[PDB]
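Listed below are the residues making up each chain.
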Amino acid sequence: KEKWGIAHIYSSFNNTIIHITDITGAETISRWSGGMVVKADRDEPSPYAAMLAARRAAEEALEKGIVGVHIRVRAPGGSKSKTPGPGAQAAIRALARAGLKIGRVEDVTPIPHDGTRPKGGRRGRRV
Amino acid sequence: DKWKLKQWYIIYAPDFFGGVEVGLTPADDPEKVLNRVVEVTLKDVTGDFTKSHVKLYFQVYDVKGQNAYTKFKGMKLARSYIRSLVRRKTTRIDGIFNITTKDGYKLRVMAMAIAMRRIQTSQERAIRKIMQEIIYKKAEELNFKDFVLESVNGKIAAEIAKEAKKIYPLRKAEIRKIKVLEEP
Amino acid sequence: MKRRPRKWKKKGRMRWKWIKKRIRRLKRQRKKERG
Amino acid sequence: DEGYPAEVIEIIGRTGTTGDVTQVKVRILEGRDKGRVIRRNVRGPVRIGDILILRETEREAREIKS
RNA sequence: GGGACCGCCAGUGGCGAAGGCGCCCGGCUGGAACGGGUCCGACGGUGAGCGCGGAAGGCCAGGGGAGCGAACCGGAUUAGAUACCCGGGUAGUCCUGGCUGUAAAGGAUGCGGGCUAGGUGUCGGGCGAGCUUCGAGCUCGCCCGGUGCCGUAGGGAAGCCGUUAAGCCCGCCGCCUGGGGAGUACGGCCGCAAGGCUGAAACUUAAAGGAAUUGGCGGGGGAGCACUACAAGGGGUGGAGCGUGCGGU
């Protein structure tokens, strides 16, 4: 019987994190972030950092009996950004070409019906 | 290497779903498998691709060695499906109810209706009262498992649409989410 | 504090808000000088 | 030097912040993704049929948003 | 377990005197439009003084405090940073009782009536036709009320307005008489205080100010160019001694 995993993908604009878990989602089978692979902080949310860490986690999973995967793309949500970071689809191709059988790929962004007040004050961040 | 202490355990569906094989889960101890949620699409169980968007969270509650049997916790539709169903110039109508079943189960059932156009909120209130009456009637009539199957199959949605057509034609009626509040 | 919106126009002027704040500060000081 | 040869089949257009780059479409001839069509950046002039050598089949170029 | 909050639908949408008001259900209650050959009989418009209401913020007494966040404490930037940026964070934001009574409280348009081309969208109601899966469920047309746009005549300094008038009449109130001094000084009243309302003069000044055209400019946008711009590629200066000119001695 083939094995299927859950690939949480939290892609922020400052970093990207890929977290592989069992079908229950309660067991941490592989977990690699951008800081693992790059040396510059500005390089963390780069597509290269996402995809190579994704491939490393994918080979770890392949070593550990997982063949298929479902992807849970997560955004910051809440009062923060809703758009997944740039590394989302790049990492998706990374697992697809890493030899895993890609299953359902779904957004899991926590979207409030109406949540707390965001950061930035009333005028926002006046950068 | 902690991973080498882990051992696999077969999971299984609810009996009213035939207890089909949904998958395996690795764990160090049988106890930790208790009270574990697994989300599974309906295409996995019934084999129907037309009902892929439907999803069932089953709580793992029983462990016999390597074989894990699960309880039904909740039902939810796909967010992409719901979002596609929602559109501008069409009225979303939510009906959220607490229900006590014939066999004593407590169920929080929330359902959607989307019409052809923008409609007066009095008609929305009337339609709310309508499927509230229908769902209460079926909850009284049906036990837990049978009501679960009818809710998933959409027969409740079909009846709701057919009745509410007297108030306004409905683009679609659906049962968005169901939660198992308490068992008897 | 009967206001004149003409003063809001910053052309050849400060921002009226801070002028009002300054006059309030001076008035507080003066009234305290009288006791 | 495990490089993947590939053959250009279409030229998307002159790209780059100075126009010295060109965005082209290239079909992989040798490698794990043989036959797959991929958009690539090219430095220097290019004609149809130039066998390019790729160091990474995965890499793709962002579309030229006019 | 906690306190805040109720997206998408959501609308040029509805309601409310205004401030303002968006989860469902149950109750109470205000107002409006529609249909009305149903009742009363001019009972009306405006409103000094008066009274009520009144966003945010602040104040008094209690409770609560998730997030945010004046003040403040650190980090960074910068010539310097009491900032913009980042990490923490008091009051406050929330419930109760009360006070303060202010705003670009703007439709920058006080309110009631009569009249002056139309077209067009939507909302609520009513009426007539046609369709209908027979549900005013759907299509179209007419009337009324509110709510948008195009706009004739006309108006205005123009912007723009234009049956929802900034057009022509009728009527009541309030406010203004160059700029600043100044919404200050003094005085009075309210207020726990903050402050609120009322409100000068001396002196100074020949403009301030509103609309729009042409230019120029924009660390605004758009297209085309440029080997006195760059890109790709070569050469070569700035070092050395000398020729020559320049500033200075």
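Everything that follows concerns the structure shown earlier in this document.
Note that residue numbers begin from 1 in each chain and follow the written sequence, not necessarily the entry's scheme, while residues that lack coordinates are absent from the view. Numbering of ligands from 1 and lettering of chains from A proceed in the order in which they are written. What you see is a piece of a larger assembly; the numbers all apply to this piece alone. Each side-chain value is derived from all of the structure's non-hydrogen atoms; neither hydrogens nor water enter the calculation.

(A) Here's a closer look at the packing of helix 2 (residues 47–63) of chain A against helix 3 (residues 87–97) of chain A. Residue and element names in this part refer to chain A. Across the interface, helix 2 lies against helix 3 with an axial gap of 8 Å and an inter-helix angle of 30°. In this view, helix 2 runs roughly parallel relative to helix 3, as classed from their interaxial angle. The interaxial crossing formed by helix 2 with helix 3 has right-handed handedness. Across from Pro47, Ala50, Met51 and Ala54 in helix 2, the residues of helix 3 making contact are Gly87, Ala90, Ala91 and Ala94. Amino acids are sorted into nonpolar (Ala, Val, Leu, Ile, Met, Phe, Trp, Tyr, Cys and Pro), charged (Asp, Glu, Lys and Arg) and polar (every other residue, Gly among them). Of the residues belonging to the contact of helix 2 with helix 3, the class tally is seven nonpolar, one polar and no charged. Convention adopted: a line fitted to C-alpha atoms gives each axis, helices being fitted over their contacting stretch, and angles between N-to-C directions are expressed from 0 to 180 degrees. Only DSSP runs of H or I reaching four residues or more are called helices, and only runs of E reaching two or more are called strands; each is numbered from the N terminus. Here the angle decides the label: under 35 degrees means roughly parallel, over 145 means roughly antiparallel, 65 to 115 means roughly perpendicular, and every other value means oblique. By convention, the crossing between two helices is left-handed when the near helix turns anticlockwise from the far helix through less than a right angle, and right-handed when the turn is clockwise. Contact definition: two residues touch when any of their heavy atoms are within 4.5 Å.

(B) Molecular detail of the interface of chain D and chain A. Between chain D and chain A, the residue contacts involve six residues of the former and six residues of the latter. Here the quantity called buried area is the accessible surface, traced with a 1.4 Å probe, that two parts lose on coming together, added over both. For the pair chain D and chain A, the two sides together bury roughly 520 Å², of which 30% comes from carbon and sulfur. The largest contributions to the chain D side of the interface with chain A come from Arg32, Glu58 and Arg59 of chain D, which together make up 78% of the buried area. The term salt bridge refers to a side-chain nitrogen of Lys or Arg lying within 4 Å of a carboxyl oxygen of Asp or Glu. Linking chain D with chain A are two salt bridges, by the criterion used here. For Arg97 of chain A, the salt bridge is made with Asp33 of chain D, and the minimal N-O distance between the two is 2.4 Å. Grouping the constituent residues of the side of chain D that touches chain A by class yields no nonpolar, one polar and five charged.

(C) Spatial organisation of the layout of surface pockets. Lining residues are those with an atom within 4 Å of a point, where the points come from a 1 Å grid over the protein atoms alone and group into cavities, where a 1.4 Å probe fits but cannot get out, or pockets, open sets with protein on both sides within 12 Å along at least five of seven lines. Grid points are joined across faces, edges and corners, and a volume is the space filled by probe spheres set on the points. Here the largest pocket is characterised by a volume of approximately 740 Å³. Along the wall of the largest pocket there are 37 residues; nearest its centre are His70 and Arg104 of chain A together with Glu39, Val40 and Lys55 of chain B. Of all elements in the fold, only strand 1 (4–11), strand 4 (68–74) and strand 5 (101–107) of chain A together with strand 2 (24–27), strand 3 (36–41), helix 1 (42–46), strand 4 (55–64) and helix 2 (79–85) of chain B reach the threshold of two or more residues within the lining of the largest pocket. Per-element tally for the lining of the largest pocket: the top contributor is strand 1 of chain A, with four residues. Looking at the lining of the largest pocket residue by residue, the classes come out as 17 nonpolar, five polar and 15 charged.

(D) Layout of the environment of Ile127 of chain B. All names here are of chain B. Within the secondary structure, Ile127 sits in helix 3 (residues 121–141). In sequence terms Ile127 and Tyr168 are 41 residues apart; their C-alpha atoms lie 8.7 Å from each other. Beyond its immediate sequence surroundings of up to four residues, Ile127 is in contact with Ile93, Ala164 and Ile167.

(E) Here's a closer look at empty space enclosed by the protein. All names here are of chain B. Throughout the structure, instances matching the rule amount to three cavities of 30 Å³ or more. The calculated volume of the largest cavity comes to roughly 80 Å³. As for the largest cavity, its lining consists of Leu77, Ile82, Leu85, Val86, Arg92, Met112, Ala113, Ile114, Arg171, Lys172, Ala173 and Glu174. Residue assignment for the lining of the largest cavity shows that the elements contributing at least two residues are helix 2, strand 7 (106–115) and strand 8 (170–182). At four residues, strand 8 tops the list of elements feeding residues into the lining of the largest cavity. A per-class count over the lining of the largest cavity returns eight nonpolar, no polar and four charged.

(F) Just helix 2 of chain A, in detail. Residue and element names in this part refer to chain A. Under the convention used throughout, the expected extent of a helix is 1.5 Å for every residue step, that is, one less than its residue count. Given a rise of 1.5 Å per residue, 17 residues ought to cover 24 Å, and the 24 Å separating the end C-alpha atoms of helix 2 matches this to within 8%. Think of it in three bands: with a 1.4 Å probe and only protein chains considered, a residue is buried below 20% of the maximum accessible area for its type, exposed above 50%, and partly exposed in between. Every buried residue of helix 2 is listed here: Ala49, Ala50, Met51, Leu52, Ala53, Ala54, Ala57, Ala58, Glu60 and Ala61. Elements in contact with the buried residues of helix 2: strand 2 (16–21), strand 3 (28–33), helix 1 (34–37) and helix 3. The first or second residue beyond helix 2 is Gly65, which carries a positive phi of 85°.

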